[PDB]
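Step one of this worksheet: look at the structure below.
2 protein chains.
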Amino acid sequence: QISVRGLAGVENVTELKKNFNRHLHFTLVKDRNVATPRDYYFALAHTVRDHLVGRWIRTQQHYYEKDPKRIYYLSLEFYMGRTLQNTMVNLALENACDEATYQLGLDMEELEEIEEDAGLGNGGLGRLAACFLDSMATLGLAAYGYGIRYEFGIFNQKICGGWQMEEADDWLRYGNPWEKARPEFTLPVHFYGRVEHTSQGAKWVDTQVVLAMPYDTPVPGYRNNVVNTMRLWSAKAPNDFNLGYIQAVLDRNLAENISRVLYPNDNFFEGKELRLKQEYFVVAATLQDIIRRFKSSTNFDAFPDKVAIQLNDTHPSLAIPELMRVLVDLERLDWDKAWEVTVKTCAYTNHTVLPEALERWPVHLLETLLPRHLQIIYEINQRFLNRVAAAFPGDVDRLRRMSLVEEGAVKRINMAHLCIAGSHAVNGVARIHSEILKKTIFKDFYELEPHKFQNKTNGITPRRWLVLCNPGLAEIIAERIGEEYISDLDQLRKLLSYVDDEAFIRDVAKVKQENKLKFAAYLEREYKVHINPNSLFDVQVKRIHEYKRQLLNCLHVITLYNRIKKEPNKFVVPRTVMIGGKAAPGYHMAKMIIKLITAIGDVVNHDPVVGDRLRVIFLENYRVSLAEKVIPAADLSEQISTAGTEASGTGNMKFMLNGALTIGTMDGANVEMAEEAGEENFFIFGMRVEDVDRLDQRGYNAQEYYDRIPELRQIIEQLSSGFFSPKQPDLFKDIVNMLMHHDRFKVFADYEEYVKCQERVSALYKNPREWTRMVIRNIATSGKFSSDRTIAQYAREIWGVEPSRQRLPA
Amino acid sequence: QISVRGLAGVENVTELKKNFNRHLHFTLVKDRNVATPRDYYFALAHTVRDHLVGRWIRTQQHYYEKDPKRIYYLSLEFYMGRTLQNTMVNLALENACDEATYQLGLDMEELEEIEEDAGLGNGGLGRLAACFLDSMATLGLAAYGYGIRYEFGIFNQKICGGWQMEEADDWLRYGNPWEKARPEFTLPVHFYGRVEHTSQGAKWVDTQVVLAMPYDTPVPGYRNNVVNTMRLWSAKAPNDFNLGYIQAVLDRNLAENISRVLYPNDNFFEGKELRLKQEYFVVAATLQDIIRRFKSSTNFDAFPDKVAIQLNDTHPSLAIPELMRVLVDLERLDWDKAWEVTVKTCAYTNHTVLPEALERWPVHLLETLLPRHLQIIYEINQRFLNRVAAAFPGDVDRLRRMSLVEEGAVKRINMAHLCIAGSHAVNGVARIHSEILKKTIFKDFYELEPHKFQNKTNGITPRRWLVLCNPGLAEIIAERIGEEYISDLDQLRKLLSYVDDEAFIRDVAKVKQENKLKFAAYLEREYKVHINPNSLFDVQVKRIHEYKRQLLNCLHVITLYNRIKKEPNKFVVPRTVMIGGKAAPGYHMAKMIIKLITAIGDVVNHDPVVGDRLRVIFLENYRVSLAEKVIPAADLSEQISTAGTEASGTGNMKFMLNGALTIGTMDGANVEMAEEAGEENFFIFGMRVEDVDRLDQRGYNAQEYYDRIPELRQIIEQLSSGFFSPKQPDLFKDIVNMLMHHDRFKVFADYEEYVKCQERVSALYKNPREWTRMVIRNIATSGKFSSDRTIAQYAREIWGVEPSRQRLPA
Ligand SMILES: OC[C@H]1O[C@@H](c2ncc(-c3ccc4ccccc4c3)[nH]2)[C@H](O)[C@@H](O)[C@@H]1O
Ligand SMILES: OC[C@H]1O[C@@H](c2ncc(-c3ccc4ccccc4c3)[nH]2)[C@H](O)[C@@H](O)[C@@H]1O
Ligand SMILES: *Cc1c(COP(=O)(O)O)cnc(C)c1O
Ligand SMILES: *Cc1c(COP(=O)(O)O)cnc(C)c1O
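Those protein sequences? They're chains A and A', same order as listed. A prime marks a further copy of an entry chain. Mind the numbering: the first sequence is residues 12 to 254, 261 to 314, 324 to 836 in the entry's author numbering, read in order. Mind the numbering: the second sequence is residues 12 to 254, 261 to 314, 324 to 836 in the entry's author numbering, read in order.
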């Protein structure tokens with residue numbers, strides 16, 4: 012139907028049709044008379060998977076022969092979403108599969124909606140790892156993603172009586188056709204035990220053993236016939252485990274719980290033993306695999331020439347002392363040489379400066395679970411602090427600040443400090459964030475070793491986040507500038523020569539309108555809600571958090587409502603305000619914010635005086651598959667975190683690529699997006715980082731803003747008095763108390779500038795032609811935010827390997 | 012190579028070769044350069060499985076159209092063993108697969124040894140269900156086996172220092188290619204809760220829900236293109252189960274433990290809550306499936331015309347009150363009509379008279395777990411006892427004896443009494459056993475309802491237990507009488523015309539010798555043990571139990587040893603005595619017997635004076651796959667249970683079919699085997715049932731036998747004094763104390779007659795021609811013991827359906 016979806020040749024369609032029928036019969040054991048849509052989905056997935064196999068085997072054989080430097084991306088999270096459409100896109104099979112299923116009497120889009128998201132992450136950090144895997148394959152890098160195969164991913168969110176309820180995400184119930192179990196490559200992982208010191212070194216003995224069984228998932232590059240691997244470990248008890262008899266077998270669950278569930282906290286550290294077990298499990302199993310592959314390529327001097335390990339935050343930080351343990355205790359390298367190898371192999375990416383998100387593990391947990399690792403960490407610390415002392419003699423406070431061991435009531439290990447000491451490179455994820463690291467939390471480290479610190483601004487894959495989710499936009503672009511931009515997104519700059527082209531303006535606007543109609547329909551059918559498709563679609567989708575300031579959005583919505591009620595017969599630009607995101611189950615304030623948003627909806631959406639001028643919708647169960655629907659439909663992207671708190675953001679980039687304008691603070695990558703597009707084509711408001719620092723030095727007093735801004739006082743009085751909760755008038759007192767007396771994120775300080783900036787948005791939306799011209803200027807300068815650009819920078823500046831667009835033969 | 016293995020046509024071999032390679036590539040994601048024997052096994056299994064699919068779909072569609080009466084065989088145990096060879100045999104693919112793999116450079120026998128046994132049973136009762144499924148398919152019955160898919164089957168037995176150790180049987184680790192998950196047909200099962208009485212009947216409310224997810228396994232008939240289904244249920248937690262957050266997800270294991278492990282007790286009842294949950298789980302899920310299929314065929327009067335439910339012992343006895351519950355509480359049938367339907371639908375097979383094996387559930391467990399069921403059972407009991415009272419007025423002790431409720435310290439429900447009340451037919455499993463039921467434990471029931479009581483003597487499938495395990499024997503038979511006997515085993519009677527044929531005598535003896543050499547080699551390679559292949563192979567393989575009297579065998583072995591030591595230079599017929607079997611993990615005496623057998627081996631096998639005249643081997647990890655190796659190699663089959671204790675036995679029948687002579691008591695089916703072959707062709711010894719009864723009336727005094735039999739006194743003194751345990755002299759005191767003071771099974775009473783009968787065996791073995799002529803007379807009269815004969819009798823006399831040998835079209 013559309014060009015970018017590839018060719019539908021007769022021979023190819025014929026072959027797909029017969030393989031579909033073959034799988035339905037032999038694989039699924041069904042005939043057409045009793046087959047359901049689910050069976051049809053599975054038959055199509057198996058048919059598409061068959062096309063990955065030859066490329067997968069040949070890619071991995073190619074790495075074996077050529078022996079390139081291998082890149083290992085370690086993460087506790089991979090937020091993959093659905094795989095079927097992505098696979099078709101990357102192998103150029105979408106139009107052929109569409110035609111094949113059409114001829115069989117099936118709608119392929121209907122079949123696509125049956126697939127479960129692979130939800131093995133919380134949000135941005137997990138989704139970054141997934142875009143990175145897509146880019147590494149597209150750039151021909153010999154790359155492996157290593158993680159945990161959680162039985163249960165991020166919970167499914169239900170809203171009941173306006174409140175979040177959680178349900179287990181049993182994503183594997185119907186089977187996962189994309190993974191291949193590899194029980195033959197199962198490896199042992201050790202826990203507990205004790206250290207014995209002998210004549211020939213330390214020995215870690217009396218341990219409990221858990222097995223790590225790998226499942227491999229293919230990761231296709233974009234039309235280059237490269238298929239890399241994501242290897243996810245599953246925990247298994249050994250067969251003699253605990254071996261009355263029945264209890265012993267049932268107690269195998271204690272070992273197997275390690276891979277049962279994803280911790281569901283975004284940007285929040287919870288120091289639980291089970292989480293520490295998960296972190297060591299992935300690290301221990303992965304490093305054995307790395308070393309095996311390296312020996313099957324004595325001379326560990328070449329290890330850093332053949333291996334790069336990238337740590338996605340500190341969560342796999344135990345890779346550093348585990349590598350030292352293997353090299354020292356098992357391979358019998360001297361300490362200094364092992365440390366040299368480790369440092370040159372490891373690199374660390376930091377994704378946050380929020381104190382509560384930083385990993386600081388109690389010494390007593392490490393002492394019990396990983397006694398040899400604690401010893402190694404102590405030794406790392408002593409050697410590091412001897413370097414600090416030599417560089418900064420007499421500076422005793424620096425020694426305390428830089429230590430990997432934090433003193434106090436309970437001693438803890440600072441994992442970020444460990445990562446910096448043991449990595450040859452440390453990066454932040456946007457320019458402003460990387461600057462903050464050098465000026466604030468990692469200042470002392472930067473002074474000691476300035477050469478270690480880098481920036482790598484984040485990106486997103488334009489396969490999933492344009493071609494897959496917005497084929498209509500992708501097509502009208504390819505009509506003008508060809509298809510090369512899909513793997514070289516900087517080519518979107520050529521669209522600037524169309525900003526005055528009347529045909530292009532019309533088409534860009536038509537595609538948004540079509541996306542908005544489709545989304546409005548999806549709402550009605552799947553959630554029985556009726557939105558005005560001519561209204562401005564104002565969207566804030568992301569995890570619920572105080573720092574992301576969904577609360578500031580709420581204050582604006584209430585302001586708009588109150589202004590309408592004051593002057594009902596005055597014209598205002600109609601808005602549909604959509605907010606979605608999951609709250610961590612234990613995060614009380616985030617749960618209260620969800621309830622506030624639905625309560626505002628309950629009042630606003632049923633007030634006859636408002637009509638269809640203002641609607642507020644809470645989008646339930648926000649996840650990767652829902653992002654693919656709502657992002658192409660958005661007009662306005664809300665990116666309104668307190669300056670200094672969002673390390674980068676990536677949702678921001680997805681909206682930019684899909685034809686929404688951004689209202690935002692100068693935070694994370696928003697700064698670079700405004701720089702690329704031009705500040706005139708961005709709706710920037712609020713305190714900069716320097717202004718936040720100034721307020722903090724003076725002392726933030728929320729009462730001042732309440733006292734001076736009548737519209738803000740009205741809202742707080744409505745909240746406190748029970749206007750949005752008539753049957754429970756004190757329901758939102760926690761929210762009010764926080765706003766007035768202990769708001770770390772300064773919601774009131776940005777309120778006036780936010781409201782005024784939102785008026786400017788509404789004014790521009792009244793002029794469709796000029797709205798759309800600004801959109802074209804955003805889409806055209808979105809090229810920098812391709813994760814292909816990001817990964818090429820890691821490759822050249824950290825990993826020491828050259829990217830390639832050259833195709834392997836099929 | 013051999014005719015009974017079918018044809019190897021070029022087209023067929025060509026197609027198998029290309030499907031093997033296809034599966035290795037696309038299914039396994041391997042190439043030949045890194046593929047291991049395991050991968051090659053899996054590629055062959057998938058190739059063979061593809062041939063089942065069309066036949067499976069067409070068989071089930073045929074039942075849907077024709078709507079025959081359906082037979083549901085409910086069991087907690089299905090001891091299936093390996094599936095690959097059986098499937099090839101039944102589809103006539105063995106020679107073609109042999110040729111195909113030969114041409115690919117592989118040995119198919121090597122590939123066969125990689126497959127795990129499906130060990131979902133303890134021994135005879137579970138293996139009976141498996142032979143029955145094979146016969147039902149071969150006879151064209153519309154039959155379904157329903158059970159539990161245990162994650163862990165019967166434990167793997169290791170012998171360490173002469174003692175049994177248990178290891179979990181993680182049979183699913185590498186995947187099971189023979190099953191198909193059917194998550195779409197998942198059904199809810201209820202537990203706990205309470206009963207509410209309303210205007211319109213009882214309601215069972217406030218229950219906990221566990222889901223039952225079915226996995227289907229095909230069951231091919233022998234060369235008739237029929238493929239029936241074995242449906243096994245797996246327990247799953249609902250997604251809102253227990254829904261801090263992490264604990265709630267981890268606690269899902271509480272629900273899922275129901276299907277985790279097989280209780281490993283043979284002929285012993287253990288009244289544990291988890292076992293009761295397993296029994297209700299299989300019953301509740303199965304009956305919903307039965308009723309669904311019946312409605313998709324209001325009028326439950328036709329239910330018994332369209333459904334037969336066979337209860338494999340009392341373990342699925344809750345089917346009776348569950349069916350009443352559904353009919354009364356849910357379908358709103360009046361009690362009397364529901365009871366009529368239930369009785370006509372259900373039939374019960376009893377497999378034991380041992381008191382400790384009989385299920386008697388505490389009322390307090392049922393009251394908590396299954397409150398509505400207890401109420402229904404009370405009501406069944408009251409109505410039944412009103413019938414007894416009308417039939418036998420004033421006989422108050424009969425009312426107490428017949429009650430389903432047993433009074434005492436703790437009240438219990440007698441499940442056998444429940445089954446008799448609620449079944450239109452009750453059978454034992456061999457003629458002597460069925461007679462004992464009517465004379466002893468079920469006498470009162472037989473007096474009330476004589477028409478209910480039947481016999482169905484057990485059998486074994488001659489596909490697995492001749493053609494598969496002993497192709498050499500199968501071939502030399504088919505040369506003389508053709509191939510029809512494989513599905514009509516009574517045709518073996520034609521072999522009586524060859525008992526004087528010198529060529530046949532030679533061939534029968536050659537095949538045994540070849541089987542013995544092969545087994546002797548298997549021992550050496552897999553267990554480094556060196557046995558004399560010219561010796562008499564004297565074999566007792568079966569679960570370890572006091573009633574089976576492995577101890578009596580031990581006394582004979584020690585007698586033979588002592589007699590050799592007394593007269594070293596006298597000639598005796600060389601013997602290899604092999605004993606194998608698993609002990610239940612909590613059965614202390616059975617564990618002590620294993621240790622005794624290995625301790626006797628330690629002394630005997632290293633005494634230079636004995637040489638290779640006597641060897642004693644304990645065969646580790648006895649299971650279906652090992653039975654298939656050792657049974658064709660045996661000369662003498664030991665079937666020596668105390669008369670009245672082995673309900674039937676089935677190992678006995680396997681040995682008879684495979685050319686061993688039997689030494690045995692007149693117990694279970696041994697009686698009928700002697701009757702078929704002629705008493706002159708059987709080595710019968712010992713007390714009959716009547717003699718055991720006489721001794722019990724007088725009082726069994728073991729001391730009498732000790733006092734009168736010097737050879738027996740010598741053995742006991744050796745045991746007591748530490749002759750077989752020099753470093754722990756009192757090691758076997760428990761065994762001695764039991765033998766002397768509390769032997770329920772009268773080991774000493776049968777000792778003299780056993781030893782004398784064993785002398786007659788040795789005398790006949792010295793004459794190879796006459797040995798072999800007696801063997802031919804056994805093989806020739808083994809026809810009655812085909813499970814095809816058994817199932818035809820159930821079909822005609824219990825289920826009301828006619829068997830068929832007519833082939834469905836392929
Ligand atoms: O670089 C990708 C994204 O990483 C997010 C991110 N940083 C830290 C986390 C995090 C995620 C999961 C945890 C789990 C346990 C403990 C701490 C944890 C921290 N997540 C940032 O908020 C985005 O601005 C950024 O765009
Ligand atoms: O009919 C097949 C075989 O059934 C065996 C058998 N009877 C009862 C059992 C049993 C098996 C498993 C349990 C588990 C729990 C409670 C009781 C349990 C009872 N097993 C008999 O011993 C054989 O003589 C007979 O050949
Ligand atoms: C991109 C994405 C995120 C990150 O969004 P931010 O606005 O950068 O926090 C979170 N969740 C999902 C499902 C995403 O696709
Ligand atoms: C046949 C069989 C049994 C039953 O043997 P008996 O001698 O009748 O107790 C037990 N276990 C296995 C593995 C079998 O094949």
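Here a beta-carbon is modelled for each residue, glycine too, at the ideal position from N, C-alpha and C.
Judged by DSSP secondary structure, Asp331 of chain A' falls within the alpha helix (DSSP H) whose first and last residues are 329-332. Residues of chain A with a Cβ closer than 9 Å to the Cβ of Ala192 of chain A' are, in chain order, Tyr185, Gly186.
In the three-state DSSP reduction, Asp306 of chain A falls in the helix class (H, G or I). Below 8 Å, too few C-beta pairs join the segment 209-221 of chain A and the segment 171-180 of chain A to call them touching: fewer than three. From the listed residues A:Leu622, A:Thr624, A:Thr585, A:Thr676, the smallest Cα separation to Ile735 of chain A is found for A:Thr585. At a cut-off of 3 residues, the continuous stretches assigned as beta strand (DSSP E) that sit fully inside the segment 89-164 of chain A' are 89-92, 129-131, 154-159.
Residue pairing by DSSP places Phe479 of chain A opposite A:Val452 in a beta bridge. DSSP lists A:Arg438 as the bridge partner or partners of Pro388 of chain A. Listed along the chain, the chain A' residues whose CB falls inside 7 Å of the CB of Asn270 of chain A are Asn270. At a cut-off of 4 residues, the continuous stretches assigned as alpha helix (DSSP H) that sit fully inside the segment 12-66 of chain A are 21-33.
Relative to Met615 of chain A, the option among A:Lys542, A:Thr324, A:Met764 whose CA is nearest is A:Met764. Of all alpha-carbon atoms in A':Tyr587, A':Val200, A':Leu183, A':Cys495, the one lying nearest the alpha-carbon of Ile741 of chain A' is that of A':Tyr587. Within the segment 571-642 of chain A', the alpha helix (DSSP H) runs of at least 4 residues that lie entirely inside it are, in chain order, 576-592, 614-630. Residues of the segment 273-294 of chain A' that bring their beta carbon within less than 8 Å of a beta carbon in chain A comprise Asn274, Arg277, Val278, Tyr280, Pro281, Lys289, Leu291, in sequence order. Distances from the CA of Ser523 of chain A to each of A:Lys312, A:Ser14, A:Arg138, A:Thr807 were compared; the closest alpha carbon is that of A:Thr807. Here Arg714 of chain A' really is in contact with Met692 of chain A'; their C-beta atoms are around 5 Å apart, less than 8 Å. Three or more Cβ pairs closer than 8 Å define a contact, and the segment 149-158 of chain A meets that threshold against the segment 239-254 of chain A. In its chain, beyond the 5 residues on either side, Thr112 have a beta carbon closer than 8 Å to the beta carbon of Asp118 of chain A. Close CB contacts of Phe811 of chain A within its chain, under the 6 Å cut and outside five residues either way in sequence, are with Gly485, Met679 (chain order).
Shortest gap from the CB of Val650 of chain A' to any heavy atom of ligand 4: under 6 Å. For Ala302 of chain A', the distance from the CB to the nearest heavy atom of ligand 3 is not below 6 Å. According to DSSP, residue pairing for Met699 of chain A' in a beta bridge does not occur. Between the segment 118-137 of chain A' and the segment 273-291 of chain A' there are three or more inter-stretch CB-CB distances shorter than 8 Å, so the stretches are counted as touching. Short note on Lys332 of chain A': C-beta not closer than 6 Å to any heavy atom of ligand 4. For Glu178 of chain A, the closest Cβ of chain A' is nearer than 7 Å. Annotation: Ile467 of chain A to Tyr280 of chain A spans about 26 Å, alpha carbon to alpha carbon.
For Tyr262 of chain A', the nearest CB of chain A lies under 7 Å from its own CB, placing it at the interface with that chain.
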